[PDB]
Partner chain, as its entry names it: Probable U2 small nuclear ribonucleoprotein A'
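One chain follows as structure tokens, the form deposited without its partner chain.
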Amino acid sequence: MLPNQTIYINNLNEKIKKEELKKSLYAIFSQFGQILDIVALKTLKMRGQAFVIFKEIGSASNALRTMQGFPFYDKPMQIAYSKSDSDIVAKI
């Protein structure tokens, strides 16, 4: 799976309000480089999931390799590169 600028995260703690979850994701991912956006909706389709869109592909790679399994709100994050441009959109 080729690297791309967006990482897809699941196994996120669903008890956390989305505004807070997004701020906390920025807190931990901003070290990897400039973040263009973080998406985490309170829809059934997006339960436990988020996308972090980095400016640079290399930042997404370093984020993925460093934070894989990191216990965030006491739950290990599962991180993958996004599979395609149509992916976020499908999740809305």
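In this text, rigid core is short for the largest set of C-alphas that superpose within 1.5 Å between two forms. Positions refer to the first chain, counted from 1. Residues that one form lacks are left out of the comparison.
S.K.: Using the B-factors recorded in the PDB entry, average over the C-alpha atoms of 79-87 and of 10-18, then report which stretch comes out higher.
M.R.: The recorded data point to 79-87.
S.K.: Can you tell me which stretch has the higher mean Cα B-factor, 35-43 or 60-68?
M.R.: So the stretch with the higher mean C-alpha B-factor is 35-43.
This next part talks about the form deposited with its partner chain bound, which is not shown.
S.K.: How about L44: is it within 4.5 Å of its partner chain in the deposited bound form, going by heavy atoms?
M.R.: It does not: once its partner chain is placed as it appears in the deposited bound form, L44 has no heavy atom within 4.5 Å of it.
S.K.: Does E56 reach its partner chain in the deposited bound form if we count a contact as any heavy atom within 4.5 Å?
M.R.: Flag for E56 set to no.
S.K.: With the partner left out of view, is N62 within 4.5 angstroms of its partner chain in the deposited bound form by any non-hydrogen atom?
M.R.: No, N62 stays farther than 4.5 Å from its partner chain in the deposited bound form.
S.K.: Is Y81 close to its partner chain in the deposited bound form, meaning a heavy atom pair under 4.5 Å apart or at it?
M.R.: It does not: once its partner chain is placed as it appears in the deposited bound form, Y81 has no heavy atom within 4.5 Å of it.
S.K.: Once the core is lined up, would you list the consecutive runs of at least three residues whose Cα atoms each shift 2 Å or more between the shown form and the other one?
M.R.: Residues 85-91 form the sole shifted run.
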